[PDB]
Amino acid sequence: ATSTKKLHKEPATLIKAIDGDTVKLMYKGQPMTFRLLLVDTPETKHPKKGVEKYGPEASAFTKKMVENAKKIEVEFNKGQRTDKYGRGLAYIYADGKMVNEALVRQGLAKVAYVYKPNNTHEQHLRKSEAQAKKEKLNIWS
Ligand SMILES: Cc1cn([C@H]2C[C@H](OP(=O)(O)O)[C@@H](COP(=O)(O)O)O2)c(=O)[nH]c1=O
Ligand SMILES: [Ca+2]
């Protein structure tokens, strides 16, 4: 934790975006896929369901946002660095834009998994979801 000052923000290079909630970044030389902490996007794959309303689109935001971005950083919480899959969870940042929250403020996502204490950003995306719901964004539509 040295001086850092809480959570640290590490650069990274965008490789390939899967959907709203998941992408492959080159965090410290080495390809790796990442999961968005406290956040869920309408399922997109797994037949165990099908295209969740706002699914395809829900992924038509994270992609570019990352592509249109010239640089991006990753913020590790305080809990586990990755989930039982090899996919690390963080609020991936894009030009100071909280994708996880960005997507939340947009009605393209829901607040899922708040983990203790790997959720040092709860409230934040919470107020947003309330705003995207107080008006009726996509889902909450
Ligand atoms: C976001 C998140 C997902 N996970 C795991 C739980 C879920 O398991 P299960 O798939 O078996 O239901 C899965 C949901 O991630 P997806 O939104 O990619 O499905 O990832 C965590 O353990 N901690 C997390 O913060
Ligand atoms: Ca999802």
Side-chain angles (χ1 to χ4, degrees), residues 1-2 4-141:
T2 66
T4 229
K5 209 15 217 337
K6 186 59 54 240
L7 312 178
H8 197 50
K9 296 197 155 168
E10 255 124 340
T13 339
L14 174 248
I15 288 194
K16 221 235 220 74
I18 327 248
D19 52 337
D21 83 4
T22 310
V23 345
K24 279 176 302 197
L25 295 177
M26 197 109 261
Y27 161 72
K28 199 128 7 111
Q30 276 264 54
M32 234 231 296
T33 99
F34 269 85
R35 204 22 175 86
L36 293 204
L37 289 173
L38 22 85
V39 155
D40 171 29
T41 27
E43 211 356 86
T44 122
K45 283 153 195 21
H46 205 98
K48 138 293 236 182
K49 219 174 11 54
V51 100
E52 281 132 294
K53 264 248 93 178
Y54 306 112
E57 8 265 340
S59 320
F61 189 87
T62 111
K63 151 183 259 306
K64 113 209 288 330
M65 189 181 187
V66 234
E67 290 187 2
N68 272 193
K70 59 220 205 212
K71 84 186 148 172
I72 298 143
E73 332 152 272
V74 274
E75 209 183 22
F76 276 121
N77 217 157
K78 302 201 264 116
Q80 324 43 347
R81 297 294 167 235
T82 91
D83 74 23
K84 101 220 144 171
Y85 274 119
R87 353 176 289 182
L89 335 136
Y91 321 85
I92 297 91
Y93 287 92
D95 277 303
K97 244 105 287 29
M98 251 246 243
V99 188
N100 343 13
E101 100 91 0
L103 251 22
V104 181
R105 230 255 137 228
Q106 273 316 339
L108 301 206
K110 203 175 354 329
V111 0
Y113 339 64
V114 354
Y115 313 70
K116 259 46 134 344
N118 255 8
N119 63 79
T120 274
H121 262 335
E122 270 256 9
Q123 335 322 46
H124 187 67
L125 310 328
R126 307 274 201 173
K127 287 136 47 273
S128 305
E129 225 191 14
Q131 188 66 187
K133 227 212 247 190
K134 60 193 358 21
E135 27 222 65
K136 358 272 287 171
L137 279 279
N138 317 277
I139 328 204
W140 318 126
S141 254

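Position 1 is the first residue of the sequence; numbering continues from there. The basis for the numbers below is simple: all heavy atoms, side chains too, and nothing from hydrogens, waters or symmetry mates. Remember, it's 1-based here, ligands and their atoms both numbered in the order they're listed.
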Does atom 1 (C) of ligand 1 have any protein heavy atom closer than 4.0 Å?
yes
If you take all heavy atoms of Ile18 and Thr22, which pair is closest and at what distance?
CG1-O, 2.7 Å
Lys24 NZ/CZ over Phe34 ring centroid, <6.0 Å and within 45° of normal:
no
At less than 4.0 angstrom from any non-hydrogen atom of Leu37, what atoms of ligand 1 do you find?
25 (O)
Take a 6.0 Å sphere around NZ of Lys5 and say whether it holds more than 12 heavy atoms from other residues, nucleotides or ligands.
no
Please report which non-hydrogen protein atom sits nearest to atom 9 (P) of ligand 1, along with the residue it belongs to and the distance in Å to one decimal place.
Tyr85 OH, 4.2 Å
Do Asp21 and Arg35 sit within salt-bridge range, that is, some charged N less than 4.0 Å from a carboxylate O?
yes
Within the 3.0 Å cut-off the protein N, O or S neighbours of the Ca ion (ligand 2) are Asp21 OD2, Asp40 OD1, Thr41 O
How far is atom 18 (O) of ligand 1 from its nearest protein heavy atom, and which residue and atom name does that atom have?
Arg87 NH1, 2.7 Å
If the cut-off is 4.0 Å to any non-hydrogen atom of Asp40, which atoms of ligand 1 fall inside it?
17 (O)
Pair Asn77, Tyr91: side-chain N/O donor-acceptor within cut-off below 3.5 Å
yes
Would you mind reporting whether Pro31 and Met26 have side-chain heavy atoms less than 4.5 Å apart?
yes
Without swapping roles, check the side chain of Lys97 against the backbone of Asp95 for a donor-acceptor pair under 3.5 Å.
yes
Show the numbers, then the answer: is there a side-chain hydrogen bond (donor to acceptor under 3.5 Å, both in side chains) between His121 and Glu101?
CA-CA 9 Å; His121 262 335; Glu101 100 91 0; over 6 Å; no
Give the residue and atom name of whichever protein heavy atom lies nearest to atom 4 (N) of ligand 1, and the separation in Å to one decimal.
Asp83 OD2, 3.8 Å
Salt-bridge present (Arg105, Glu135; N to O < 4.0 Å)
yes
Can you find a protein heavy atom under 4.0 Å from atom 12 (O) of ligand 1?
no
Can you tell me which residue and heavy atom of the protein come closest to atom 24 (C) of ligand 1, and the distance to 0.1 Å?
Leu89 CD2, 3.3 Å
Among all protein heavy atoms, pick the one closest to atom 7 (C) of ligand 1 and tell me residue, atom and distance.
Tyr113 CE2, 4.6 Å
Going by the order shown, which atoms of ligand 1 are within less than 4.0 Å of some heavy atom of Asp21?
17 (O), 18 (O)
For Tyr85, does its backbone N or O pair with a side-chain atom of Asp83 as donor and acceptor, under 3.5 Å?
yes
Do the side chain of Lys133 and the main chain of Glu129 share a donor and acceptor less than 3.5 angstrom apart?
no
May I ask you to identify the nearest protein heavy atom to atom 16 (P) of ligand 1, giving residue, atom name and distance to one decimal place in Å?
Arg35 NH2, 3.1 Å
